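Below is one structure, written out as structure tokens; comments come after it.
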Amino acid sequence: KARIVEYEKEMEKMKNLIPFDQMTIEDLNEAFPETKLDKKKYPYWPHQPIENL
Amino acid sequence: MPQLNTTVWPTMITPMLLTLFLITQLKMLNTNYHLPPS
Amino acid sequence: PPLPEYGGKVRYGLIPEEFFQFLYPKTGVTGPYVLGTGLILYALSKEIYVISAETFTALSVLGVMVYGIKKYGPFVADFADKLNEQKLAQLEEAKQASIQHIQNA
Amino acid sequence: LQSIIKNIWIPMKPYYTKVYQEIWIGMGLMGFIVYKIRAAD
Amino acid sequence: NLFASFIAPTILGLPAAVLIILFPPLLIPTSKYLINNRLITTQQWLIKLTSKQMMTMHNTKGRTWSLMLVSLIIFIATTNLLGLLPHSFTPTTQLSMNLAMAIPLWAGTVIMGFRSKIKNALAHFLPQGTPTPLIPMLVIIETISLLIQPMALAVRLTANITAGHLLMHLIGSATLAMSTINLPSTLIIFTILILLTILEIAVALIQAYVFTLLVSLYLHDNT
Amino acid sequence: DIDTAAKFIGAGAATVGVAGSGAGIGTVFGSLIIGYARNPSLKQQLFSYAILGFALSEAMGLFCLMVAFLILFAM
Amino acid sequence: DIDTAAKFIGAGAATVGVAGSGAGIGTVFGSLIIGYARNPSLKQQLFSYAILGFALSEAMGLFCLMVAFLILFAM
Amino acid sequence: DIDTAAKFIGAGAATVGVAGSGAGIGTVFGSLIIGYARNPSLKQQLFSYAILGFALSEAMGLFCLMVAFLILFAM
Amino acid sequence: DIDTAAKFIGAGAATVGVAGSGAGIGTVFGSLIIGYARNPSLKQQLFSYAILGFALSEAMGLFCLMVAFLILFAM
Amino acid sequence: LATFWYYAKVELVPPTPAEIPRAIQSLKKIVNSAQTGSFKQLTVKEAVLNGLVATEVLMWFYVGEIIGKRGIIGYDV
Amino acid sequence: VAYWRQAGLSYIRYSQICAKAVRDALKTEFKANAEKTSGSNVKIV
Amino acid sequence: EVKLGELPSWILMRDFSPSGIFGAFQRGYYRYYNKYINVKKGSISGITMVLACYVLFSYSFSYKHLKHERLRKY
Ligand SMILES: COc1nc2ccc(Br)cc2cc1[C@@H](c1ccccc1)[C@@](O)(CCN(C)C)c1cccc2ccccc12
């Protein structure tokens, strides 16, 4: 039940994400932690493998 | 050849360095490519 | 905040429409136009804009520019959109999937 | 004169110190050339 | 009178050559948003396609210059393209500016090949499968050419934008002379000026890509 | 004046070096025609070599126009 | 007299640089024969590269007639 | 008087040896295009030879440009 | 003087022979790309033919630079 | 074509004599603005507009200047 | 890389049409005999 | 702001500081950028109007040279 009241609270977050047209790259990171660049592994621009780019 | 008139060289060197190294790069550090999601 | 959807409606890519409407009332439709021909013919008569070799290098780089815009404009016009309605869809898609991975869970 | 640190040097900090360190060693070579060229003129 | 478009421009006694060198970055707006306008959508795409070109061939230490060698092809390709406008003073026709973009990026490239990894940089002067008995001659080439690479860059770009503007300005003066003479000839000298302007547009970009590729290839041979 | 007359001979002789780069652009844009009829799927990567070969050969011709104009005008 | 004479020695010696554009146009239209005999389906894609390689030869051929002009007329 | 006039002709002739490098760099990058289209899986190793060839042909042309100046400026 | 004058056009035109070794090093290192794109398993034997062709073509370049530095300083 | 001619037939035509009275009426309007200072009443919005239309009509004097000499670029002699 | 290879075909499909073309140009004295000595009968499940 | 004022005092009313006129450009830039560039479906005329105001500046300082090439004298 704990692991469910969490998810339903988690899911409503991604159910109410700002329309992407108003979204900032600093907002896309708190929503999808998958997209935040690894400023620690790659300190210099473009902060990611050029192949991945 | 007016390129050889060395009296106006420091007028071309310093505003270049202030652009190639500080103003153009600063505008590149603002161009970021976020990783794609799942 | 959301961006608007259109710019300033500029005519001939050089003079914005805020100018023609600004002079339309007192001088009419052909008001600003005859000012143009009135200034150009004055400029190159009193040798303000002196015809030089650069005159024919101006028309060329203005001819190639006005032809590259008319021939490759619409292609870049939408290509800049398809890069968005792809990046937009690529998000909304994963966004919904990211629910399945939490709805099934 | 703030945000000249934050907007103008905080971003360029990892580059102006570590990555472009040898650039400046070359930029000193260049300044020696420019003055010398202007010295013999 | 002929090299007039290359003398340092001054208006009202003010050295206007600074408001011209600092302008290219004004045509590259930026935004923190996720879905912006057509300009920054096309530009952020070009910077993506460009950086994936110059930088993919590098190792991890060479990719720390991925801000320099991209913010350099963007500054030379925008200074040249802003030179094709009428009467414009393009500061890439200046041996001063070009020598200031060439020497640091070069010196800062061989220094890191001499301040570190030097024992490996000592092996580019002697190619791999080289027999010995004529080495005391090859040492001259790989050094004297190294000592003249920084002047190859700044002059390959100066003499290509200068001569490109001089030609367009002469062929332009031709059409002006044959204007008051047989006119169906003016239209054939003019259409040569149009094919020449389409060439000077391409060489405006090519001379930016080659400059920032030869600085890249020097870097790749020192990291 | 023999000094100002000798400028026109050197300047006119210096610009002969443009014959070289005028012959190396035909090799590059001739090799592109050959190399593109053998692997027409590489059309974009070959043309990205015809460009580097164009600018690096043509550059050697302008080094002769440099001395053609360093002599003729700037002594 | 010598100043106006040293120009024909400098002008004529400057229109030699278009020799390189006579060999660059050979190698271009010489590879269109080799590249077309290999892939005769690309007859219209190759021919558009030959016209490109031919036009870029006049480009380096004009850089010479410029210095052949300046020496001759606009000394 | 003529000792300086000869330094404008001797320097205009020395600088035409660069034409040998406008045609060399074309042959090097006219072979990186042909050779690539045949074995496009060796792009990393062909380019590493086109650079060695571009540097060694240019190194001969720039010897001419150095004797052009070492005559025009040193002695 | 007319000796110190002509010894600059001589030593200034003798050094056009380097235009040969410019396009001889461009072909050797140009065909090495085509010889390697075909039989890459001979990379050690091919590159030993390129260095032989680079040292024998450039040696003809030095024989010209040797003469220009002979009719200048030697005698 | 005909569109430029369709608009010309109204304002690119010689005036009527009946408009001369009201024309000098406005002439007396702006001169009384010069007597007491009603030019101080003008905000910049239409202030420049009256200036441009003044440069507008001024160019008519110059296009008429070039037709009085049958030459475009300066004086032929 | 020929045009058909760019068009998706394979050399087997290239050879099936070139060989069909030769038989289609054979004379009636041989066309009947040559078609049955090379006709196809196999079928895919 | 002007386009609705009428007084000569406005010229002296303004903040003529090194930081003053900069804020009149930075606000004059964002008023242009937001109008023609920073809109979805914007057109090229947001740029071909900057270059047109960059030629008039590139011609203004280059008039001291072109005046020596008039084909008349009056
Ligand atoms: C038609 O020929 C061309 N084709 C081109 C193709 C591409 C390009 Br980009 C430039 C081209 C330019 C030209 C000619 C041209 C014609 C008119 C004006 C300017 C240039 C040309 O330059 C020939 C160039 N060769 C010979 C070095 C020329 C120059 C001068 C005198 C000429 C006299 C007679 C004939 C041709 C003459």
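Residue numbering restarts at 1 for every chain of the structure tokens, chains are lettered A, B, ... in their displayed order, and ligands are numbered from 1 as they appear.
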Superimpose chain G on chain I so that the squared distances between all in-order C-alpha pairs are minimised, and send the result as a PDB file with C-alpha atoms, in the first residue's frame.
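Done, and the output landed in out.pdb:
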ATOM      1  CA  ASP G   1      75.617  46.158 -59.908  1.00  0.00           C
ATOM      2  CA  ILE G   2      74.059  44.280 -62.816  1.00  0.00           C
ATOM      3  CA  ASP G   3      76.225  41.242 -62.062  1.00  0.00           C
ATOM      4  CA  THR G   4      75.001  41.038 -58.467  1.00  0.00           C
ATOM      5  CA  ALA G   5      71.470  41.769 -59.708  1.00  0.00           C
ATOM      6  CA  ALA G   6      71.341  39.161 -62.489  1.00  0.00           C
ATOM      7  CA  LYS G   7      71.698  36.549 -59.745  1.00  0.00           C
ATOM      8  CA  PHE G   8      68.277  37.053 -58.149  1.00  0.00           C
ATOM      9  CA  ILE G   9      66.837  36.718 -61.649  1.00  0.00           C
ATOM     10  CA  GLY G  10      68.848  33.516 -62.016  1.00  0.00           C
ATOM     11  CA  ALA G  11      68.516  32.186 -58.478  1.00  0.00           C
ATOM     12  CA  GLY G  12      64.751  32.585 -58.224  1.00  0.00           C
ATOM     13  CA  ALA G  13      64.325  31.200 -61.729  1.00  0.00           C
ATOM     14  CA  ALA G  14      66.313  28.151 -60.575  1.00  0.00           C
ATOM     15  CA  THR G  15      64.262  27.258 -57.490  1.00  0.00           C
ATOM     16  CA  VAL G  16      61.345  26.701 -59.867  1.00  0.00           C
ATOM     17  CA  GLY G  17      62.738  23.238 -60.573  1.00  0.00           C
ATOM     18  CA  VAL G  18      61.375  22.093 -57.213  1.00  0.00           C
ATOM     19  CA  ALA G  19      57.879  22.498 -58.647  1.00  0.00           C
ATOM     20  CA  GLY G  20      58.435  19.137 -60.301  1.00  0.00           C
ATOM     21  CA  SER G  21      59.126  17.689 -56.865  1.00  0.00           C
ATOM     22  CA  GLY G  22      55.807  19.056 -55.641  1.00  0.00           C
ATOM     23  CA  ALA G  23      53.971  17.126 -58.339  1.00  0.00           C
ATOM     24  CA  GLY G  24      56.166  14.049 -57.996  1.00  0.00           C
ATOM     25  CA  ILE G  25      55.313  13.828 -54.304  1.00  0.00           C
ATOM     26  CA  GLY G  26      51.632  14.198 -55.125  1.00  0.00           C
ATOM     27  CA  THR G  27      51.602  11.350 -57.628  1.00  0.00           C
ATOM     28  CA  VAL G  28      53.539   9.175 -55.168  1.00  0.00           C
ATOM     29  CA  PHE G  29      51.283   9.708 -52.156  1.00  0.00           C
ATOM     30  CA  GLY G  30      48.355   9.758 -54.558  1.00  0.00           C
ATOM     31  CA  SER G  31      49.108   6.226 -55.690  1.00  0.00           C
ATOM     32  CA  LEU G  32      49.658   5.053 -52.119  1.00  0.00           C
ATOM     33  CA  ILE G  33      45.980   5.879 -51.612  1.00  0.00           C
ATOM     34  CA  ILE G  34      44.986   3.943 -54.730  1.00  0.00           C
ATOM     35  CA  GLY G  35      47.394   1.071 -54.130  1.00  0.00           C
ATOM     36  CA  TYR G  36      46.409   0.698 -50.487  1.00  0.00           C
ATOM     37  CA  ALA G  37      42.658   0.795 -51.099  1.00  0.00           C
ATOM     38  CA  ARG G  38      43.287  -2.150 -53.447  1.00  0.00           C
ATOM     39  CA  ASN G  39      45.437  -4.323 -51.143  1.00  0.00           C
ATOM     40  CA  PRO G  40      45.077  -3.063 -47.568  1.00  0.00           C
ATOM     41  CA  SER G  41      47.203  -5.956 -46.310  1.00  0.00           C
ATOM     42  CA  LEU G  42      50.376  -4.423 -47.810  1.00  0.00           C
ATOM     43  CA  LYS G  43      50.051  -1.179 -45.843  1.00  0.00           C
ATOM     44  CA  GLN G  44      53.629  -1.490 -44.591  1.00  0.00           C
ATOM     45  CA  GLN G  45      55.155  -2.683 -47.868  1.00  0.00           C
ATOM     46  CA  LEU G  46      53.580   0.108 -49.918  1.00  0.00           C
ATOM     47  CA  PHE G  47      54.361   2.863 -47.410  1.00  0.00           C
ATOM     48  CA  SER G  48      58.029   1.918 -47.684  1.00  0.00           C
ATOM     49  CA  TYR G  49      57.809   2.459 -51.439  1.00  0.00           C
ATOM     50  CA  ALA G  50      56.153   5.855 -50.982  1.00  0.00           C
ATOM     51  CA  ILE G  51      59.000   6.954 -48.718  1.00  0.00           C
ATOM     52  CA  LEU G  52      61.375   5.728 -51.420  1.00  0.00           C
ATOM     53  CA  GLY G  53      59.502   7.570 -54.161  1.00  0.00           C
ATOM     54  CA  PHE G  54      59.296  10.648 -51.954  1.00  0.00           C
ATOM     55  CA  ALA G  55      63.003  10.678 -51.094  1.00  0.00           C
ATOM     56  CA  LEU G  56      63.971  10.344 -54.757  1.00  0.00           C
ATOM     57  CA  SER G  57      61.946  13.493 -55.461  1.00  0.00           C
ATOM     58  CA  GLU G  58      64.032  15.597 -53.068  1.00  0.00           C
ATOM     59  CA  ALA G  59      67.026  14.225 -54.978  1.00  0.00           C
ATOM     60  CA  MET G  60      65.968  15.963 -58.192  1.00  0.00           C
ATOM     61  CA  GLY G  61      64.762  18.881 -56.077  1.00  0.00           C
ATOM     62  CA  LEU G  62      68.257  19.381 -54.703  1.00  0.00           C
ATOM     63  CA  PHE G  63      69.917  19.467 -58.133  1.00  0.00           C
ATOM     64  CA  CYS G  64      68.077  22.791 -58.578  1.00  0.00           C
ATOM     65  CA  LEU G  65      68.942  24.354 -55.221  1.00  0.00           C
ATOM     66  CA  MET G  66      72.548  23.534 -56.104  1.00  0.00           C
ATOM     67  CA  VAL G  67      72.471  25.673 -59.247  1.00  0.00           C
ATOM     68  CA  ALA G  68      70.348  28.144 -57.284  1.00  0.00           C
ATOM     69  CA  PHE G  69      73.201  28.221 -54.760  1.00  0.00           C
ATOM     70  CA  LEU G  70      76.144  28.427 -57.166  1.00  0.00           C
ATOM     71  CA  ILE G  71      74.567  31.309 -59.079  1.00  0.00           C
ATOM     72  CA  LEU G  72      73.811  33.075 -55.801  1.00  0.00           C
ATOM     73  CA  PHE G  73      76.981  32.575 -53.737  1.00  0.00           C
ATOM     74  CA  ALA G  74      79.743  30.683 -55.592  1.00  0.00           C
ATOM     75  CA  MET G  75      79.256  32.506 -58.892  1.00  0.00           C
TER      76      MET G  75
END
> Once you count only C-alpha atoms, which residues of chain E turn out to be within 10 Å of chain I? Could you give them as a ChimeraX atom specification?
Replying inline: /E:127-131,134,137-138
Only N, CA, C and O atoms, please: the residues just picked out, written as an mmCIF file, in the first residue's frame.
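New file result.cif:
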data_model
loop_
_atom_site.group_PDB
_atom_site.id
_atom_site.type_symbol
_atom_site.label_atom_id
_atom_site.label_comp_id
_atom_site.auth_asym_id
_atom_site.auth_seq_id
_atom_site.Cartn_x
_atom_site.Cartn_y
_atom_site.Cartn_z
ATOM 1 N N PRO E 127 58.192 9.473 -40.125
ATOM 2 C CA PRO E 127 57.104 8.527 -40.401
ATOM 3 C C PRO E 127 57.485 7.102 -40.025
ATOM 4 O O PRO E 127 58.657 6.770 -39.831
ATOM 5 N N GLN E 128 56.460 6.250 -39.932
ATOM 6 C CA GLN E 128 56.635 4.931 -39.329
ATOM 7 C C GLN E 128 57.639 4.084 -40.102
ATOM 8 O O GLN E 128 58.714 3.755 -39.590
ATOM 9 N N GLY E 129 57.308 3.723 -41.338
ATOM 10 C CA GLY E 129 58.161 2.841 -42.111
ATOM 11 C C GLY E 129 59.266 3.557 -42.858
ATOM 12 O O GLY E 129 59.407 3.392 -44.072
ATOM 13 N N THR E 130 60.065 4.346 -42.144
ATOM 14 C CA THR E 130 61.078 5.173 -42.783
ATOM 15 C C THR E 130 62.452 4.530 -42.653
ATOM 16 O O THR E 130 62.916 4.314 -41.525
ATOM 17 N N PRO E 131 63.126 4.204 -43.753
ATOM 18 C CA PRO E 131 64.549 3.866 -43.668
ATOM 19 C C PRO E 131 65.370 5.077 -43.251
ATOM 20 O O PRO E 131 64.966 6.231 -43.411
ATOM 21 N N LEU E 134 68.618 8.671 -45.161
ATOM 22 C CA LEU E 134 68.381 10.031 -45.636
ATOM 23 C C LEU E 134 67.480 10.807 -44.675
ATOM 24 O O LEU E 134 66.796 11.752 -45.081
ATOM 25 N N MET E 137 67.790 14.770 -43.923
ATOM 26 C CA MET E 137 67.122 15.695 -44.829
ATOM 27 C C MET E 137 65.651 15.869 -44.469
ATOM 28 O O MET E 137 65.120 16.981 -44.548
ATOM 29 N N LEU E 138 64.978 14.787 -44.073
ATOM 30 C CA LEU E 138 63.560 14.873 -43.732
ATOM 31 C C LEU E 138 63.301 15.709 -42.487
ATOM 32 O O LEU E 138 62.183 16.207 -42.318
#
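All chain E residues having an atom within 8 Å of chain D, based on only C-alpha atoms, amount to residues 64, 65, 99, 100, 103, 104, 105, 106, 107, 108, 109, 111 and 112 of chain E.
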> Can you tell me, as a ChimeraX atom specification, what residues are no more than 10 Å from residue C:79 when counting only C-alpha atoms, ignoring any on the same chain fewer than 5 positions away?
Replying inline: /C:73-74,84-85 /E:38,41-42
Go ahead and write the selection's residues with N, CA and C atoms as a PDB file, in the first residue's frame.
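That gives us part36.pdb:
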ATOM      1  N   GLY C  73      13.411  28.987 -49.379  1.00  0.00           N
ATOM      2  CA  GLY C  73      12.713  29.444 -48.207  1.00  0.00           C
ATOM      3  C   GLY C  73      11.732  28.418 -47.684  1.00  0.00           C
ATOM      4  N   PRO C  74      10.687  28.134 -48.463  1.00  0.00           N
ATOM      5  CA  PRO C  74       9.668  27.177 -48.005  1.00  0.00           C
ATOM      6  C   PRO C  74      10.228  25.839 -47.563  1.00  0.00           C
ATOM      7  N   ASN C  84      10.645  20.401 -34.808  1.00  0.00           N
ATOM      8  CA  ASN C  84       9.941  20.610 -33.549  1.00  0.00           C
ATOM      9  C   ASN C  84       8.841  19.574 -33.360  1.00  0.00           C
ATOM     10  N   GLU C  85       7.938  19.456 -34.333  1.00  0.00           N
ATOM     11  CA  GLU C  85       6.837  18.509 -34.217  1.00  0.00           C
ATOM     12  C   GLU C  85       7.344  17.072 -34.222  1.00  0.00           C
TER      13      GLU C  85
ATOM     14  N   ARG E  38      11.892  29.358 -35.216  1.00  0.00           N
ATOM     15  CA  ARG E  38      12.534  28.717 -36.354  1.00  0.00           C
ATOM     16  C   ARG E  38      14.016  29.038 -36.421  1.00  0.00           C
ATOM     17  N   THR E  41      15.855  27.044 -33.834  1.00  0.00           N
ATOM     18  CA  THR E  41      15.694  25.629 -34.146  1.00  0.00           C
ATOM     19  C   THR E  41      16.610  25.217 -35.284  1.00  0.00           C
ATOM     20  N   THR E  42      16.794  26.098 -36.268  1.00  0.00           N
ATOM     21  CA  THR E  42      17.710  25.799 -37.361  1.00  0.00           C
ATOM     22  C   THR E  42      19.155  25.966 -36.925  1.00  0.00           C
TER      23      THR E  42
END
>> Just want the 12 Å neighbourhood of residue A:6, counted on only C-alpha atoms, with same-chain residues fewer than 6 positions away dropped. Output as JSON, numbers by chain.
In response: {"A": [12, 13], "C": [102, 103, 105]}
>> Please determine, counting only C-alpha atoms, which residue among B:3, B:32, B:11, B:19 has the shortest atom-to-atom distance to chain F.
In response: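 Closest residue, counting only C-alpha atoms: B:3.
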Select all residues from chain E having any atom no more than 9 Å from an atom of chain B (counting only C-alpha atoms, ignoring ligands), output as a CSV table (one decimal) with C-alpha atoms, in the first residue's frame.
chain,number,residue,atom,x,y,z
E,3,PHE,CA,42.0,48.5,-52.0
E,4,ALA,CA,39.6,51.0,-50.4
E,6,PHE,CA,40.1,47.0,-46.9
E,7,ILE,CA,41.3,50.1,-45.0
E,8,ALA,CA,40.2,50.2,-41.4
E,15,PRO,CA,37.1,53.3,-35.1
E,17,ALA,CA,35.9,48.4,-36.8
E,18,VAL,CA,34.9,47.2,-33.4
E,19,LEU,CA,31.1,47.4,-33.9
E,21,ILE,CA,33.8,42.5,-35.3
E,22,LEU,CA,31.4,42.2,-32.3
E,23,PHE,CA,28.3,42.0,-34.4
E,24,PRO,CA,28.4,38.3,-35.6
E,25,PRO,CA,27.5,37.0,-32.2
E,26,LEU,CA,24.4,39.2,-32.3
E,28,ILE,CA,23.0,33.8,-32.8
E,29,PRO,CA,20.2,34.2,-30.2
E,30,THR,CA,19.8,31.6,-27.5
E,31,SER,CA,17.0,30.4,-25.3
E,32,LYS,CA,16.6,28.1,-22.3
E,44,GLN,CA,20.8,24.6,-32.8
E,47,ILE,CA,25.6,23.5,-34.4
E,48,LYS,CA,24.6,19.9,-33.8
E,67,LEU,CA,33.7,24.6,-27.6
E,68,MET,CA,36.6,26.3,-29.3
E,70,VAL,CA,32.8,25.0,-32.9
E,71,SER,CA,32.8,28.6,-31.7
E,72,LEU,CA,35.4,29.2,-34.3
E,74,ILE,CA,30.7,29.9,-36.3
E,75,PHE,CA,32.8,33.1,-36.0
E,91,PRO,CA,37.6,41.9,-41.0
E,93,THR,CA,40.6,40.2,-45.1
E,94,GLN,CA,42.9,41.5,-42.4
E,95,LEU,CA,46.3,39.8,-41.9
E,96,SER,CA,46.2,41.2,-38.3
E,97,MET,CA,43.0,39.5,-37.3
E,98,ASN,CA,43.8,36.3,-39.1
E,99,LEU,CA,47.2,36.1,-37.6
E,100,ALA,CA,45.6,36.5,-34.2
E,101,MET,CA,43.2,33.6,-34.8
Kindly provide, as a CSV table (one decimal) with N, CA and C atoms, in the first residue's frame, the residues of chain K having any atom no farther than 12 Å from an atom of chain G, counting only C-alpha atoms.
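Ended up saving to part-v3.csv:
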chain,number,residue,atom,x,y,z
K,1,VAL,N,28.1,0.0,-57.6
K,1,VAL,CA,26.8,-0.2,-57.1
K,1,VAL,C,25.8,0.3,-58.2
K,2,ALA,N,25.2,-0.7,-58.9
K,2,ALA,CA,24.4,-0.3,-60.1
K,2,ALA,C,23.0,0.2,-59.6
K,3,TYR,N,22.2,0.6,-60.6
K,3,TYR,CA,20.9,1.2,-60.2
K,3,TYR,C,19.9,0.2,-59.6
K,4,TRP,N,19.9,-1.0,-60.1
K,4,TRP,CA,18.9,-2.0,-59.5
K,4,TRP,C,19.3,-2.3,-58.1
K,6,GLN,N,20.6,-0.3,-56.1
K,6,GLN,CA,20.0,0.8,-55.3
K,6,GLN,C,18.5,0.7,-55.2
>> Give me the residues near residue J:42 as a list in words, where near means some atom within 9 Å (using only C-alpha atoms) and where sequence neighbours in that chain fewer than 4 positions away do not count.
In response: residues 38, 46 and 47 of chain J; 5, 6 and 7 of chain L
> Which neighbours of stretch 7-20 of chain K fall inside 12 Å, counting only C-alpha atoms, when residues of the same chain fewer than 6 positions from it are skipped, and could you give them as a ChimeraX atom specification?
Replying inline: /F:41 /K:1,26,31,34-35,38-40
How about saving the chosen residues, N, CA, C and O atoms kept, as a PDB file, in the first residue's frame?
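result-v8.pdb was written with the following content:
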ATOM      1  N   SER F  41      26.340   5.840 -53.497  1.00  0.00           N
ATOM      2  CA  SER F  41      25.749   5.921 -52.171  1.00  0.00           C
ATOM      3  C   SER F  41      26.574   6.767 -51.214  1.00  0.00           C
ATOM      4  O   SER F  41      26.079   7.119 -50.139  1.00  0.00           O
TER       5      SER F  41
ATOM      6  N   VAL K   1      28.127   0.042 -57.568  1.00  0.00           N
ATOM      7  CA  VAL K   1      26.763  -0.212 -57.128  1.00  0.00           C
ATOM      8  C   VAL K   1      25.784   0.265 -58.193  1.00  0.00           C
ATOM      9  O   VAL K   1      25.564   1.461 -58.351  1.00  0.00           O
ATOM     10  N   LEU K  26      14.876 -15.971 -78.506  1.00  0.00           N
ATOM     11  CA  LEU K  26      15.195 -17.180 -79.244  1.00  0.00           C
ATOM     12  C   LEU K  26      14.166 -17.406 -80.343  1.00  0.00           C
ATOM     13  O   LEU K  26      13.035 -16.918 -80.275  1.00  0.00           O
ATOM     14  N   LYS K  31      12.877 -21.969 -78.997  1.00  0.00           N
ATOM     15  CA  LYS K  31      12.272 -21.287 -77.857  1.00  0.00           C
ATOM     16  C   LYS K  31      11.443 -22.243 -77.009  1.00  0.00           C
ATOM     17  O   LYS K  31      11.443 -22.146 -75.777  1.00  0.00           O
ATOM     18  N   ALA K  34      13.954 -24.585 -75.113  1.00  0.00           N
ATOM     19  CA  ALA K  34      14.786 -23.907 -74.125  1.00  0.00           C
ATOM     20  C   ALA K  34      13.986 -23.451 -72.916  1.00  0.00           C
ATOM     21  O   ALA K  34      14.552 -23.290 -71.828  1.00  0.00           O
ATOM     22  N   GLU K  35      12.685 -23.219 -73.078  1.00  0.00           N
ATOM     23  CA  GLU K  35      11.902 -22.698 -71.965  1.00  0.00           C
ATOM     24  C   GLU K  35      11.581 -23.787 -70.950  1.00  0.00           C
ATOM     25  O   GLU K  35      11.538 -23.511 -69.746  1.00  0.00           O
ATOM     26  N   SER K  38      14.501 -24.898 -68.571  1.00  0.00           N
ATOM     27  CA  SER K  38      14.868 -23.927 -67.554  1.00  0.00           C
ATOM     28  C   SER K  38      13.672 -23.327 -66.832  1.00  0.00           C
ATOM     29  O   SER K  38      13.862 -22.420 -66.017  1.00  0.00           O
ATOM     30  N   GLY K  39      12.456 -23.789 -67.105  1.00  0.00           N
ATOM     31  CA  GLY K  39      11.303 -23.284 -66.395  1.00  0.00           C
ATOM     32  C   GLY K  39      11.320 -23.661 -64.927  1.00  0.00           C
ATOM     33  O   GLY K  39      12.038 -24.558 -64.488  1.00  0.00           O
ATOM     34  N   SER K  40      10.507 -22.954 -64.155  1.00  0.00           N
ATOM     35  CA  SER K  40      10.435 -23.153 -62.718  1.00  0.00           C
ATOM     36  C   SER K  40       9.152 -23.878 -62.336  1.00  0.00           C
ATOM     37  O   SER K  40       8.090 -23.652 -62.921  1.00  0.00           O
TER      38      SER K  40
END
>> Taking only chain I into account, list the residues labelled alpha helix (DSSP H) by DSSP (computed from the backbone), as a PyMOL selection string.
In response: chain I and resi 3-13+18-36+43-68
Suppose we keep C-alpha atoms; can you now write the selection as a CSV table (one decimal), in the first residue's frame?
chain,number,residue,atom,x,y,z
I,3,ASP,CA,76.2,40.7,-62.0
I,4,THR,CA,74.7,41.0,-58.6
I,5,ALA,CA,71.5,41.9,-60.5
I,6,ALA,CA,71.3,38.9,-62.9
I,7,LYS,CA,72.4,36.5,-60.2
I,8,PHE,CA,69.0,37.2,-58.6
I,9,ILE,CA,67.0,36.4,-61.7
I,10,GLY,CA,69.1,33.3,-62.2
I,11,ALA,CA,68.9,32.0,-58.7
I,12,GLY,CA,65.3,33.1,-58.7
I,13,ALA,CA,64.3,31.2,-61.8
I,18,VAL,CA,60.9,22.5,-57.3
I,19,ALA,CA,57.6,22.7,-59.2
I,20,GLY,CA,58.5,19.2,-60.4
I,21,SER,CA,59.1,17.7,-56.9
I,22,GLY,CA,55.9,19.4,-55.8
I,23,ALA,CA,53.7,17.2,-58.1
I,24,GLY,CA,56.0,14.2,-57.9
I,25,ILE,CA,55.4,14.0,-54.1
I,26,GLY,CA,51.7,14.5,-54.7
I,27,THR,CA,51.5,11.6,-57.1
I,28,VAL,CA,53.6,9.2,-55.0
I,29,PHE,CA,51.6,9.9,-51.9
I,30,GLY,CA,48.4,10.1,-54.0
I,31,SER,CA,48.8,6.7,-55.6
I,32,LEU,CA,49.9,5.3,-52.2
I,33,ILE,CA,46.3,5.9,-51.2
I,34,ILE,CA,45.0,4.0,-54.3
I,35,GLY,CA,47.6,1.3,-53.8
I,36,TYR,CA,46.5,0.9,-50.2
I,43,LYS,CA,50.9,-1.5,-45.9
I,44,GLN,CA,54.6,-2.0,-44.9
I,45,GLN,CA,55.8,-2.7,-48.4
I,46,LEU,CA,53.8,0.0,-50.1
I,47,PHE,CA,54.9,2.7,-47.7
I,48,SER,CA,58.5,1.7,-48.3
I,49,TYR,CA,57.9,2.4,-52.0
I,50,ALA,CA,56.3,5.8,-51.2
I,51,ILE,CA,59.3,6.9,-49.2
I,52,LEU,CA,61.6,5.7,-52.0
I,53,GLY,CA,59.5,7.7,-54.5
I,54,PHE,CA,59.3,10.7,-52.2
I,55,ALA,CA,63.1,10.7,-51.7
I,56,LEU,CA,63.9,10.3,-55.4
I,57,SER,CA,61.5,12.9,-56.6
I,58,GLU,CA,62.4,15.5,-53.9
I,59,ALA,CA,66.1,14.8,-54.7
I,60,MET,CA,65.4,16.3,-58.1
I,61,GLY,CA,64.0,19.3,-56.2
I,62,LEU,CA,67.1,19.7,-54.2
I,63,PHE,CA,69.3,19.6,-57.3
I,64,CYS,CA,67.5,22.8,-58.4
I,65,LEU,CA,67.7,24.4,-54.9
I,66,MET,CA,71.3,23.4,-54.9
I,67,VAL,CA,72.0,25.3,-58.2
I,68,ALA,CA,70.1,28.4,-57.0
> Quick one: distance from atom CA of residue L:63 to atom CA of residue E:85 in Å, one decimal?
Replying inline: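 It comes out at 15.3 Å.
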